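Asker: Please see the structure below; I have some questions.
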Amino acid sequence: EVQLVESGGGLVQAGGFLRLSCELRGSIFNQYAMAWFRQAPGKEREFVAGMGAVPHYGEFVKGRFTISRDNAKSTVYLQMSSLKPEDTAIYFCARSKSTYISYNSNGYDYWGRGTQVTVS
Amino acid sequence: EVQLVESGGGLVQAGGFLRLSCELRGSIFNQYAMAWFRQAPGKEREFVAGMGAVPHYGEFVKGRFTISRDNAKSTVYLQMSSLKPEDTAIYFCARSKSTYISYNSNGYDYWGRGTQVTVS
Amino acid sequence: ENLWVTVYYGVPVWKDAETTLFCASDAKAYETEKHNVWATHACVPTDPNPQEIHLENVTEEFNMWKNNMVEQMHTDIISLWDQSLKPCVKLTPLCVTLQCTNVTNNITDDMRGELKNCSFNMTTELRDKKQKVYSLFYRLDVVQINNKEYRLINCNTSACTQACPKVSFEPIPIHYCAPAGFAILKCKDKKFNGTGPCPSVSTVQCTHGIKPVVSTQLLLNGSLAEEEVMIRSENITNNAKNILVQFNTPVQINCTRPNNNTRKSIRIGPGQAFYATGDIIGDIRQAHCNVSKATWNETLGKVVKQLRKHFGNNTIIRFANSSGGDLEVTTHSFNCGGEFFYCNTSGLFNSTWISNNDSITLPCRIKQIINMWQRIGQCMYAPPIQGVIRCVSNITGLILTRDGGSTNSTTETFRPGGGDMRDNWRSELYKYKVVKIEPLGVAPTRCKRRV
Amino acid sequence: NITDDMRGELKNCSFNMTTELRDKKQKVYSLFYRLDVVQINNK
Amino acid sequence: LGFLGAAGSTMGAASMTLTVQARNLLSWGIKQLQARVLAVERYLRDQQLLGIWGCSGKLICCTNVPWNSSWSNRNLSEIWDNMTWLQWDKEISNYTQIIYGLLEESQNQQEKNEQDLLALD
Ligand SMILES: *[C@@H]1O[C@H](CO)[C@@H](O[C@@H]2O[C@H](CO)[C@@H](O[C@@H]3O[C@H](CO)[C@@H](O)[C@H](O[C@H]4O[C@H](CO)[C@@H](O)[C@H](O)[C@@H]4O)[C@@H]3O)[C@H](O)[C@H]2NC(C)=O)[C@H](O)[C@H]1NC(C)=O
Ligand SMILES: *[C@@H]1O[C@H](CO)[C@@H](O[C@@H]2O[C@H](CO)[C@@H](O[C@@H]3O[C@H](CO[C@H]4O[C@H](CO)[C@@H](O)[C@H](O)[C@@H]4O)[C@@H](O)[C@H](O)[C@@H]3O)[C@H](O)[C@H]2NC(C)=O)[C@H](O)[C@H]1NC(C)=O
Ligand SMILES: *[C@@H]1O[C@H](CO)[C@@H](O[C@@H]2O[C@H](CO)[C@@H](O[C@@H]3O[C@H](CO[C@H]4O[C@H](CO)[C@@H](O)[C@H](O)[C@@H]4O)[C@@H](O)[C@H](O)[C@@H]3O)[C@H](O)[C@H]2NC(C)=O)[C@H](O)[C@H]1NC(C)=O
Ligand SMILES: *[C@@H]1O[C@H](CO)[C@@H](O[C@@H]2O[C@H](CO)[C@@H](O[C@@H]3O[C@H](CO)[C@@H](O)[C@H](O)[C@@H]3O)[C@H](O)[C@H]2NC(C)=O)[C@H](O)[C@H]1NC(C)=O
Ligand SMILES: *[C@@H]1O[C@H](CO)[C@@H](O[C@@H]2O[C@H](CO)[C@@H](O[C@@H]3O[C@H](CO)[C@@H](O)[C@H](O)[C@@H]3O)[C@H](O)[C@H]2NC(C)=O)[C@H](O)[C@H]1NC(C)=O
Ligand SMILES: *[C@@H]1O[C@H](CO)[C@@H](O[C@@H]2O[C@H](CO)[C@@H](O[C@@H]3O[C@H](CO)[C@@H](O)[C@H](O)[C@@H]3O)[C@H](O)[C@H]2NC(C)=O)[C@H](O)[C@H]1NC(C)=O
Ligand SMILES: *[C@@H]1O[C@H](CO)[C@@H](O[C@@H]2O[C@H](CO)[C@@H](O)[C@H](O)[C@H]2NC(C)=O)[C@H](O)[C@H]1NC(C)=O
Ligand SMILES: *[C@@H]1O[C@H](CO)[C@@H](O[C@@H]2O[C@H](CO)[C@@H](O)[C@H](O)[C@H]2NC(C)=O)[C@H](O)[C@H]1NC(C)=O
Ligand SMILES: *[C@@H]1O[C@H](CO)[C@@H](O[C@@H]2O[C@H](CO)[C@@H](O)[C@H](O)[C@H]2NC(C)=O)[C@H](O)[C@H]1NC(C)=O
Ligand SMILES: *[C@@H]1O[C@H](CO)[C@@H](O[C@@H]2O[C@H](CO)[C@@H](O)[C@H](O)[C@H]2NC(C)=O)[C@H](O)[C@H]1NC(C)=O
Ligand SMILES: *[C@@H]1O[C@H](CO)[C@@H](O[C@@H]2O[C@H](CO)[C@@H](O)[C@H](O)[C@H]2NC(C)=O)[C@H](O)[C@H]1NC(C)=O
Ligand SMILES: *[C@@H]1O[C@H](CO)[C@@H](O)[C@H](O)[C@H]1NC(C)=O
Ligand SMILES: *[C@@H]1O[C@H](CO)[C@@H](O)[C@H](O)[C@H]1NC(C)=O
Ligand SMILES: *[C@@H]1O[C@H](CO)[C@@H](O)[C@H](O)[C@H]1NC(C)=O
Ligand SMILES: *[C@@H]1O[C@H](CO)[C@@H](O)[C@H](O)[C@H]1NC(C)=O
Ligand SMILES: *[C@@H]1O[C@H](CO)[C@@H](O)[C@H](O)[C@H]1NC(C)=O
Ligand SMILES: *[C@@H]1O[C@H](CO)[C@@H](O)[C@H](O)[C@H]1NC(C)=O
Ligand SMILES: *[C@@H]1O[C@H](CO)[C@@H](O)[C@H](O)[C@H]1NC(C)=O
Ligand SMILES: *[C@@H]1O[C@H](CO)[C@@H](O)[C@H](O)[C@H]1NC(C)=O
Ligand SMILES: *[C@@H]1O[C@H](CO)[C@@H](O)[C@H](O)[C@H]1NC(C)=O
Ligand SMILES: *[C@@H]1O[C@H](CO)[C@@H](O)[C@H](O)[C@H]1NC(C)=O
Ligand SMILES: *[C@@H]1O[C@H](CO)[C@@H](O)[C@H](O)[C@H]1NC(C)=O
Ligand SMILES: *[C@@H]1O[C@H](CO)[C@@H](O)[C@H](O)[C@H]1NC(C)=O
Ligand SMILES: *[C@@H]1O[C@H](CO)[C@@H](O)[C@H](O)[C@H]1NC(C)=O
């Protein structure tokens, strides 16, 4: 069975630091690409970051974030930094159909529960 | 089945340039050695060039020629250069019995059709 | 009235199951010695015209979306490509700082920063000496570090082996045959939508010519449908599932690389050779592809008409260009003559349909190295091919991904997509399933075993 | 402020090493236990 | 007339040709070897299961153990003329691995009754 977990997140001061994680347990780790989606209240899902064979980021990341996948633990991290208050939203974790990343939400078939992140 | 296919050759001006080739299709290329024999009119066959693990040349080559075998395409090339009129003859291609080259014609068991080369 | 039980060995009955299949390759090419991927030198030779015998009064249900042969086939290709790269040569010595600059031999205005002329020191056959060789690398294979100081893009993630010149990447058909005790069914209904009972099912010991093709979208050289362009899906209501459109009449596509590339050999070490692009002869022209304007518009007409049976008749169906993301999903990466292409497709999926001669030209890009779909880590190096590469192919199907719009706003937008690399084969293994025979059944009759 | 229990147990070693690029080199350091290093001939 | 060439026909008519479905049952390189070992192994299992019963290779092994009307409750002539084997298997698929036990008991019990019968002479 394919299932995913997530890190804590939690409240973070404006301009602070935070790290997320997502462990892929069921399927093989070196045969799929993982990516993170955010869903602000009253808005649809959109791409944030994703690591296949080459990193990708959204238009609003502007290099603030950093994404890397540890092959040993079979997890993908997200070294977010300097979180503006507009970034508050629920950050999901999803696995792509294959080793490529597509910005549309319909390119993934195994989502996560969702991690709550807020900035004040 | 073991068979060989030669190159064009054809008439070439004296002191010109030419290139011959011979592709071995049936047997394994990396367990046999090829060689080239010429038969001038009214004369017996004699050695010209051959490549096993170390190149060899005939007495009249005098370093003018150059022989090399491409393992990828399973073919042996022979770089003619400075063709004197006395070099006109039918240039055969033959496969040695095993991994070695002998200047006697009886050291080969699969001959080619014969390439005609003329110099004027 | 008393009747007893009996057991009938060798009775025809089967149950769904899975197992491991094996070689079936044509013996015609055996004489042509080629130790390439998808090997024939190590196989059971195929059989001419296998025992394809029809069945009557039989009803069987197929389900390709949960088929096991496609999953089994995938692990086969993964385990094969790795085996074919072991004898090749690594590229660890090549990860060196490069001094590069633009190349301008009256280059065309279409591309300016596409070819970089790089020179770097390198070890010769004797380690005491070093040589200063030069080569041309595409702009997608070099990054700047700090001016002119570039390195190969893959020299900080994972080194990878050169593709052996001996092997070839062209598609060799691979038939699949079941082992003793098993049998492979084969549906034959023309109006077969992937799932559901197939009335005229027939058995066969071996599948037809199956050529696995490495493509992301617009899968090439597929098996044409008989009639009535089909739309095979899993949960068409859900938009997260792909839609493998397969049409009967193919549209021919011509792809060429007008650049007159010349190969140059450089010695890695003793017995290790590395090939690099030499000097481009003649003018430089962008690699492109062509598809007939008239046929393509008609082909989309069939797909749109056949797609309305699921979304009603008064629906404004309009196509849109690719999604946007990894370079191998935005374009379609198809192998052609040993070189990997990347062809922009925004010129095809651009139109809108209401329910009331010329040739399309598109650009393409080429990458010498590729992060192979087999695994995330290892890359690959594609040696250059001399002369001009041109290859024609049959575009037989499409891989469309629907857009998750609102229930209102009946304009439903489809987008080309893919990259799964399992759906490519699923379009070719949608007819077959593997079954296990279960002899020695039990039936009632009348006997008395004499003592 | 190492404890008096052990003095010559952890050694702070630094050595040149090849980076991802074959041409360049980097000076990195690490700590090795006393049972993994021997003297040759000082430090 | 071929391998599984009468699967959809009448079960009574399916018995006309039973050897074709049995003869063609026993006939990356590691994959081939594993399949062959599995293929031969499966055939041995089936033959052994027939061996423990009152037959070895007769190919029509009619046993004397009583039949149950509850298992099928279908008329004898009603099922042997129209219904096919595949449909028949599903009807009594649930009632499997129980008749097999009965057959073994009806054979081992009978075997000794024959052995001592030949000994009283
Ligand atoms: C879909 O099917 C089509 C139909 O086959 C296929 O087109 C084929 O492309 C290959 C590309 O290599 C063609 O093969 C080449 O043809 C040229 C023509 O001049 C030859 O010169 C080539 O020979 C050289 O390269 C070989 C590569 O191994 C060497 O072995 C050889 O010694 C030469 O150096 C080579 O044979 C092939 O002819 C066409 N098929 C045709 C024209 O019918 C297309 O590629 C398929 N689609 C995909 C995505 O592959
Ligand atoms: C050995 O030394 C380590 C380095 O000092 C010790 O790690 C410390 O562990 C504690 C508790 O586990 C941390 O205290 C927490 O700090 C976070 C803030 O850290 C955030 O940033 C880091 C940066 O990577 C990130 O990893 C975290 O997840 C957080 O996002 C607070 O939010 C918590 O409330 C809590 O106070 C220390 O921060 C951490 N040290 C450092 C330098 O980060 C380790 O505990 C030592 N081992 C033992 C056995 O004591
Ligand atoms: C890309 O550039 C290449 C280099 O210019 C082009 O190769 C040219 O190909 C043509 C026809 O195939 C040749 O014209 C022939 O020349 C021979 C004489 O060449 C002899 O010497 C060469 C040296 O190796 C040898 O390979 C030949 O086999 C011959 O032995 C004439 O005899 C013929 O009649 C004919 O004129 C050119 O000579 C050749 N160029 C060079 C520099 O040799 C190639 O065609 C270009 N690609 C495209 C698509 O145009
Ligand atoms: C292997 O090398 C590549 C190429 O440098 C690394 O990716 C690159 O990493 C750098 C920083 O490590 C990124 O620089 C950043 O770029 C953004 C703009 O995208 C800029 O706003 C930032 O200020 C920063 O300069 C760079 O973007 C990124 N990508 C490319 C194409 O250069 C990669 O991280 C290396 N591998 C490992 C494991 O570190
Ligand atoms: C690997 O090294 C050997 C040794 O040099 C190469 O064979 C030698 O190649 C040279 C020129 O490449 C030959 O020189 C020629 O010698 C003749 C006399 O035989 C002379 O008349 C010419 O003017 C020229 O100087 C040499 O004969 C030849 N053999 C030996 C024993 O040195 C070999 O080609 C090298 N391998 C590769 C793949 O290049
Ligand atoms: C990539 O750049 C390197 C150096 O920046 C180029 O190396 C040299 O390029 C010249 C012409 O661009 C080649 O021809 C030379 O021309 C001079 C003109 O006087 C002549 O005197 C020389 O005898 C020679 O013919 C030269 O061969 C080449 N160097 C080598 C070692 O081949 C290189 O050409 C550039 N790449 C391309 C594709 O242009
Ligand atoms: C593929 O065809 C099968 C039957 O040929 C379809 O099966 C039924 O489809 C209807 C709707 O078209 C559903 O209401 C039924 O529940 C389905 N029954 C079964 C047993 O599947 C199937 O829906 C078709 N699928 C697609 C994607 O067109
Ligand atoms: C693809 O089509 C384009 C036209 O859009 C072709 O480009 C022309 O090809 C002819 C061939 O002789 C040249 O004379 C022209 O100069 C080219 N350009 C234009 C603007 O017409 C291209 O050759 C075609 N390629 C293939 C492989 O079919
Ligand atoms: C792709 O190339 C093929 C062959 O090079 C073209 O097919 C030929 O088209 C011409 C058009 O005048 C016909 O006269 C020939 O009979 C065709 N031959 C074959 C074998 O098909 C094809 O037209 C090219 N594609 C496009 C879009 O132009
Ligand atoms: C593929 O080609 C199309 C055009 O054929 C490109 O579309 C361009 O999109 C940008 C984005 O705003 C526009 O500024 C350009 O004007 C468009 N092109 C033209 C000719 O108008 C598309 O960008 C190409 N694909 C990629 C990945 O660049
Ligand atoms: C995609 O389709 C649109 C039409 O829906 C094309 O829009 C036209 O583009 C041409 C070429 O630039 C212009 O001359 C027309 O004026 C455009 N139409 C309108 C109404 O303004 C668009 O060009 C197509 N994309 C590409 C790359 O050709
Ligand atoms: C299929 O059944 C029909 C009637 O049930 C019968 O006439 C026909 O012969 C059967 N098929 C075959 C191949 O015998
Ligand atoms: C070289 O090409 C780049 C684009 O790839 C361009 O920005 C630059 O001006 C060109 N010239 C030089 C000297 O780099
Ligand atoms: C090769 O080594 C020499 C040694 O001084 C150096 O000057 C030159 O820059 C090196 N080549 C490159 C491309 O860096
Ligand atoms: C298709 O997806 C929708 C989405 O909610 C779901 O309601 C429906 O049950 C799914 N159908 C199938 C056959 O999976
Ligand atoms: C353009 O560049 C090509 C590339 O070799 C060359 O053959 C040709 O002579 C050049 N023509 C002009 C006008 O510079
Ligand atoms: C495609 O064909 C339809 C009808 O066949 C026509 O209405 C439409 O204009 C055509 N589109 C193009 C781009 O030729
Ligand atoms: C849609 O069109 C098809 C054929 O054009 C027709 O059979 C069907 O009844 C139509 N349905 C509606 C709702 O108009
Ligand atoms: C698709 O078209 C849009 C139109 O703005 C463009 O921005 C995007 O880059 C195109 N996608 C590709 C892959 O070219
Ligand atoms: C494309 O399809 C046509 C029609 O079936 C066929 O004749 C042709 O050989 C196909 N092209 C290939 C196999 O390259
Ligand atoms: C370091 O530790 C050793 C014991 O391992 C001791 O003999 C020596 O005096 C210490 N100080 C220096 C400078 O080596
Ligand atoms: C590393 O190389 C430099 C080059 O001069 C040298 O001075 C230094 O001592 C080396 N590092 C070590 C630990 O010896
Ligand atoms: C027949 O089946 C019933 C219930 O399934 C069971 O109680 C009975 O013992 C069985 N009798 C025989 C002879 O198998
Ligand atoms: C088999 O019978 C049991 C109880 O009689 C029942 O629970 C089960 O669902 C049946 N299964 C099938 C496949 O008929």
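Asker: If you go through the range C:336-361, how many residues are among the hydrophobic types (A, V, I, L, M, F, W, C) and either assigned to a loop (DSSP other than H, G, I, E, B) or over 23 Å from C:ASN221 (Cα atoms) (or both)?
Answerer: Summing the residues that are among the hydrophobic types (A, V, I, L, M, F, W, C) and either assigned to a loop (DSSP other than H, G, I, E, B) or over 23 Å from C:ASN221 (Cα atoms) (or both) in the range C:336-361 gives 4.
Asker: Could you check the range C:370-393 and list, in sequence order, the residues that are under 14 Å from C:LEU140 (Cβ atoms) and within 11 Å of chain A (Cβ to nearest Cβ)?
Answerer: C:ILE370, C:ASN371, C:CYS379
Asker: Taking the condition touching a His at 6+ places or on another chain (Cβ under 9 Å), away from ligand 2 (no atom under 16 Å from the Cβ), away from chain C (no Cβ under 14 Å) and farther than 21 Å from C:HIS35 by Cβ, does B:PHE60 pass?
Answerer: no
Asker: Something else about it: State all residues of the range C:322-335 that are under 25 Å from C:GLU170 (Cβ atoms), in a strand (DSSP E or B) and within 14 Å of chain A (Cβ to nearest Cβ); if no residue qualifies, say none.
Answerer: Answer for the range C:322-335, where residues must be under 25 Å from C:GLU170 (Cβ atoms), in a strand (DSSP E or B) and within 14 Å of chain A (Cβ to nearest Cβ): just C:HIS332.
Asker: Can you list residue pairs whose Cβ atoms sit under 9 Å apart, with the first residue in the range E:45-74 being more than 8 Å from chain C (Cβ to nearest Cβ) and surrounded by 16 or more Cβ atoms within 10 Å (Cβ to Cβ) and the second being among the β-branched types (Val, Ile, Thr) and part of a helix (DSSP H, G or I)? Count only pairs 6 or more apart in sequence or on different chains.
Answerer: E:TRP71/E:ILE99
Asker: Still on this structure, I have one more. Out of the residues in the range C:376-404 that are outside any strand (DSSP E or B) and over 30 Å from C:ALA273 (Cβ atoms), which is farthest from the chain's Cα centre (by Cα)?
Answerer: It comes out as C:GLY404.
Asker: Failed condition for C:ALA240, given (1) touching a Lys or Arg at 6+ places or on another chain (Cβ under 8 Å); (2) away from chain E (no Cβ under 14 Å), with all others met?
Answerer: Here C:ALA240 clears every test but (1).
Asker: Out of A:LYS97, A:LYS84, A:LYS62, report the one residue that is under 25 Å from A:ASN30 (Cβ atoms) and not polar (S, T, N, Q).
Answerer: A:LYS97
Asker: To continue, here is another question. Assess whether C:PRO12 counts as being touching a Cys at 6+ places or on another chain (Cβ under 6 Å), assigned to a loop (DSSP other than H, G, I, E, B) and crowded, with 16+ Cβ neighbours inside 10 Å.
Answerer: Taking the combined requirement at face value, the residue does not satisfy it.
Asker: Within the group E:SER93, E:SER27, which residue is exposed (fewer than 14 other Cβ atoms within 10 Å of the Cβ), within 25 Å of C:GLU60 (Cβ to Cβ) and within 7 Å of chain C (Cβ to nearest Cβ)?
Answerer: Being exposed (fewer than 14 other Cβ atoms within 10 Å of the Cβ), within 25 Å of C:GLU60 (Cβ to Cβ) and within 7 Å of chain C (Cβ to nearest Cβ) holds for just one of E:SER93, E:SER27, which is E:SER27.
Asker: Quick check on the range C:18-28: of everything there that is out of contact with any helix residue (DSSP H, G or I) (no Cβ under 6 Å at 6 or more places or on another chain) and surrounded by 13 or more Cβ atoms within 10 Å (Cβ to Cβ), which residue is farthest from the other protein chains (Cβ to nearest Cβ)?
Answerer: Here the answer is C:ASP26.
Asker: Determine whether the range E:106-114 contains at least one residue that is within 11 Å of another protein chain (Cβ to nearest Cβ) and under 14 Å from the mean Cα position of the chain (by Cα).
Answerer: Checked against the condition, which is being within 11 Å of another protein chain (Cβ to nearest Cβ) and under 14 Å from the mean Cα position of the chain (by Cα), the range E:106-114 yields no hits at all.
Asker: Same structure again: Could you grab me the full set of residues in the range C:56-104 that are more than 30 Å from D:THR18 (Cα to Cα), within 21 Å of the chain's Cα centre (by Cα) and more than 14 Å from chain E (Cβ to nearest Cβ)?
Answerer: Within the range C:56-104, C:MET64, C:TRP65, C:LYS66, C:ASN67, C:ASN68, C:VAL70, C:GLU71, C:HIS74 qualify.
Asker: Among (1) under 28 Å from C:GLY404 (Cα atoms); (2) in a loop (DSSP other than H, G, I, E, B); (3) within 15 Å of ligand 2 (Cβ to nearest atom), where does A:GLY15 come up short?
Answerer: Tallying (1) under 28 Å from C:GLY404 (Cα atoms); (2) in a loop (DSSP other than H, G, I, E, B); (3) within 15 Å of ligand 2 (Cβ to nearest atom), A:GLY15 fails exactly one: (1).
Asker: Which of the residues belonging to the range C:320-356 are closer than 26 Å to A:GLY58 by Cβ, polar (S, T, N, Q) and buried (at least 17 other Cβ atoms within 10 Å of the Cβ)?
Answerer: Hits for the range C:320-356 are C:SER322, C:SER323, C:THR330, C:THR331, C:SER333, C:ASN344, C:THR345.
Asker: Kindly establish whether C:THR32 is surrounded by fewer than 17 Cβ atoms within 10 Å (Cβ to Cβ), part of a helix (DSSP H, G or I) and within 11 Å of another protein chain (Cβ to nearest Cβ).
Answerer: Taking the combined requirement at face value, the residue does not satisfy it.
Asker: Then there's this: Could you check the range A:76-101 and list, in sequence order, the residues that are more than 14 Å from every other protein chain (Cβ to nearest Cβ), part of a strand (DSSP E or B) and of a type in the set (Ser, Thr, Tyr)?
Answerer: Of everything in the range A:76-101, those that are more than 14 Å from every other protein chain (Cβ to nearest Cβ), part of a strand (DSSP E or B) and of a type in the set (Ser, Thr, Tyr) turn out to be A:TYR77, A:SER81, A:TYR91.
Asker: From E:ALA13, E:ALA22, which residue is more than 8 Å from chain C (Cβ to nearest Cβ) and either surrounded by 14 or more Cβ atoms within 10 Å (Cβ to Cβ) or closer than 24 Å to C:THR203 by Cα (or both)?
Answerer: Going through E:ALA13, E:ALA22 in turn, just one is more than 8 Å from chain C (Cβ to nearest Cβ) and either surrounded by 14 or more Cβ atoms within 10 Å (Cβ to Cβ) or closer than 24 Å to C:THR203 by Cα (or both): E:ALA13.
Asker: Let me ask you something else. Being within 16 Å of ligand 19 (Cβ to nearest atom) and either acidic (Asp, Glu) or away from chain A (no Cβ under 14 Å) (or both) narrows it down to one of C:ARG267, C:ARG285, C:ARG308, C:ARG318, so name that one.
Answerer: Within the list C:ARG267, C:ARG285, C:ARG308, C:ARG318, the selection yields C:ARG318.
Asker: Something else about it: If we keep just the residues of the range B:12-37 that are within 10 Å of ligand 3 (Cβ to nearest atom) and among the hydrophobic types (A, V, I, L, M, F, W, C), which is surrounded by the fewest Cβ atoms within 10 Å (Cβ to Cβ)?
Answerer: This residue is B:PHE17.
Asker: Using beta carbons and a limit of 6 Å, which pairs, at least six apart or on different chains, have the first residue in the range C:221-236 and within 14 Å of chain A (Cβ to nearest Cβ) and β-branched (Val, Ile, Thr) and the second one away from ligand 10 (no atom under 16 Å from the Cβ) and assigned to a loop (DSSP other than H, G, I, E, B)?
Answerer: Note: pairs meeting the criteria are C:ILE236/C:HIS310.
Asker: I would also like to ask the following. Can you list residue pairs whose Cβ atoms sit under 6 Å apart, with the first residue in the range E:1-30 being within 14 Å of C:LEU55 (Cβ to Cβ) and the second being within 16 Å of ligand 7 (Cβ to nearest atom)? Count only pairs 6 or more apart in sequence or on different chains.
Answerer: Pairs found: none.
Asker: Return yes when C:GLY405 is within 14 Å of another protein chain (Cβ to nearest Cβ), surrounded by 15 or more Cβ atoms within 10 Å (Cβ to Cβ) and away from ligand 18 (no atom under 16 Å from the Cβ) and no when it is not.
Answerer: no
Asker: Another one. With the condition being over 17 Å from C:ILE385 (Cβ atoms) and under 25 Å from the mean Cα position of the chain (by Cα), I'd like the strands (runs of 3 or more DSSP E) fully within the range C:241-321 carrying at least 3 qualifying residues.
Answerer: C:243-261, C:288-292
Note that we place each Cβ from the backbone using ideal geometry, even for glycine, and neighbour counts take in every protein chain shown. Read-outs: derived from the displayed coordinates by stated rules, not from any lab.
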